[PDB]
Amino acid sequence: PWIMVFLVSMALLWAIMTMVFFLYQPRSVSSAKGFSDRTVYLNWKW
Amino acid sequence: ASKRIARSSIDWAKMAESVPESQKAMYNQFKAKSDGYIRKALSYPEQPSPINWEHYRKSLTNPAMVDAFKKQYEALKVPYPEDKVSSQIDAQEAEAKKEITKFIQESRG
């Protein structure tokens, strides 16, 4: 039964591949440093 | 004749704290530009130099010309000239107030 063994192995390979795809660590490294560079200042009527 | 003698000067300290320094470096030009007109305001105070007319009356043989000069000097007393672009400053003042209100509500948001 090579066909059934091949299908299980390929289905396993797909299932391992999907598990690897979500295996990660999300990070939030976007602080408010750019907000400190948006100092809106009024033009003075010289 | 009135309004602004050399004693008048606005609070430069609060104004200097308000401006973002080199971002509004024209204020550094504006203060020195206004300071230069203070140098002109340093000279020529309100009253001129007094002149002892009696010394020239006695020294001159005929003091009738000195009396005529003194009478014409007292008659010719010209007052201050007219303000020119005060309305333009007033118009920009109203425009500044609108920009003040617009910037205030946006900053509040």
Side-chain angles (χ1 to χ4, degrees), chain A residues 16-46, chain B:
Chain A
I16 293 180
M17 191 173 174
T18 54
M19 146 263 190
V20 168
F21 170 63
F22 276 83
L23 199 74
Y24 82 110
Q25 177 50 58
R27 282 180 172 84
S28 189
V29 289
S30 184
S31 303
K33 185 179 302 178
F35 285 80
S36 57
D37 308 330
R38 305 162 208 180
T39 82
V40 188
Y41 281 143
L42 174 62
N43 43 319
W44 288 72
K45 294 290 178 58
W46 305 116
Chain B
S2 64
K3 300 175 182 180
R4 292 303 127 100
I5 329 184
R7 294 181 176 179
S8 66
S9 293
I10 84 281
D11 203 328
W12 303 91
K14 305 175 183 178
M15 189 171 176
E17 294 171 11
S18 57
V19 290
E21 223 294 317
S22 60
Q23 186 176 348
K24 287 309 171 192
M26 308 315 181
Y27 155 76
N28 326 15
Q29 181 186 7
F30 175 79
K31 185 254 167 176
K33 161 190 173 180
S34 64
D35 177 65
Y37 305 141
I38 293 173
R39 307 292 171 82
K40 282 182 171 59
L42 281 175
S43 49
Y44 320 112
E46 219 295 323
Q47 72 281 340
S49 62
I51 299 180
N52 184 23
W53 323 98
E54 303 296 325
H55 181 60
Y56 293 93
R57 283 185 178 183
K58 298 178 180 180
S59 299
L60 181 50
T61 307
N62 185 24
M65 297 175 295
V66 186
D67 301 3
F69 279 154
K70 183 182 178 182
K71 181 180 179 179
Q72 289 159 328
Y73 169 76
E74 293 172 349
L76 185 63
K77 186 181 58 181
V78 187
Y80 205 78
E82 193 72 25
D83 203 320
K84 234 301 173 180
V85 289
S86 178
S87 60
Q88 300 183 8
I89 305 180
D90 297 330
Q92 294 190 11
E93 171 73 21
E95 295 183 12
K97 290 285 185 169
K98 300 156 185 52
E99 297 169 29
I100 279 171
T101 53
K102 183 175 181 179
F103 207 91
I104 277 293
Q105 61 194 6
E106 288 188 21
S107 298
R108 284 173 182 171

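Heavy-atom basis, side chains included; hydrogens, waters and symmetry copies ignored. In the text below, chain A, chain B and the rest are named by the order of the sequence lines, each starting its count at 1.
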Q) According to the ring-ring contact (aromatic ring centres under 6.0 Å, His included) rule, which pairs have a member within residues 5-39 of chain B, sequence neighbours left out? A) none
(Q) Can you tell whether the side chains of B/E54 and B/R57 come within less than 4.0 Å, N to carboxylate O? (A) yes
Q. Is it the case that more than 12 heavy atoms not belonging to B/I5 sit under 6.0 Å from its CD1 atom?
A. no
**Q.** B/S34 side, atom OG; B/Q29 side, atom CD - distance, nearest 0.5 Å
**A.** 10.5 Å
(Q) Quick test of your reading: applying salt bridge (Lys or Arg N to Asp or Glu O under 4.0 Å), list the pairs with at least one residue in residues 75-89 of chain B, sequence neighbours left out, ordered by first then second residue. (A) none
**Q.** Sequence-distant partners of B/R39, side-chain hydrogen bond (donor to acceptor under 3.5 Å, both in side chains), two or more places apart
**A.** B/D35
Q: Nearest 0.5 Å please: distance from the CD1 atom of B/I104 over to the CD atom of B/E99.
A: 13.0 Å
Q: Working to the nearest 0.5 Å, report the span between CG of B/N62 and CE of B/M65.
A: 5.5 Å
(Q) Salt bridge or not between A/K45 and B/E93? Use side-chain N to carboxylate O under 4.0 Å. (A) no
Q. Taking atom NZ of B/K102 and atom CD of B/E95, what is their separation to the nearest 0.5 Å?
A. 12.5 Å
Q | Taking every non-hydrogen atom, the tightest pair across B/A6 and B/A41 | A | CB-O, 4.4 Å
(Q) Using side-chain heavy atoms (C-beta onward) and a distance below 4.5 Å, is B/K70 in contact with B/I51? (A) no
Q. Is it true that atom OH of B/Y73 has more than 12 heavy atoms of other residues, nucleotides or ligands lying nearer than 6.0 Å?
A. no
Q. Just wondering, are more than 12 heavy atoms of other shown residues or ligands nearer than 6.0 Å to NZ in B/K98?
A. yes
**Q.** Closest heavy-atom pair and its distance - B/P20, A/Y41
**A.** CG-CD1, 3.6 Å
(Q) Do A/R38 and A/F35 have side chains that approach each other closer than 4.5 Å (heavy atoms only, starting at C-beta)? (A) yes
(Q) What I'd like to find out is whether the side chain of A/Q25 reaches to under 4.5 Å of the side chain of A/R27, using heavy atoms alone. (A) yes
(Q) Please report the interatomic distance CE(A/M19) to CG(A/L23), rounded to the nearest 0.5 Å. (A) 5.5 Å
Q: To the nearest 0.5 Å, tell me how far B/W53 CH2 sits from B/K58 NZ.
A: 16.0 Å
(Q) Does any part of the side chain of A/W44, heavy atoms only, come nearer than 4.5 Å to the side chain of B/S18, both counted from C-beta? (A) yes
Q | Heavy-atom check, side chain of B/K24 versus side chain of A/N43, under 4.5 Å | A | yes
Q. What do you reckon, is CE of B/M26 surrounded by more than 12 foreign heavy atoms closer than 6.0 Å?
A. no
Q: Indicate the atoms forming the closest heavy-atom contact of A/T39 with A/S36, along with that distance.
A: CG2-O, 3.3 Å
Q: Ignoring hydrogens and angles, tell me if any N or O in the side chain of B/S59 forms a donor-acceptor pair with the backbone of B/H55 under 3.5 Å.
A: yes
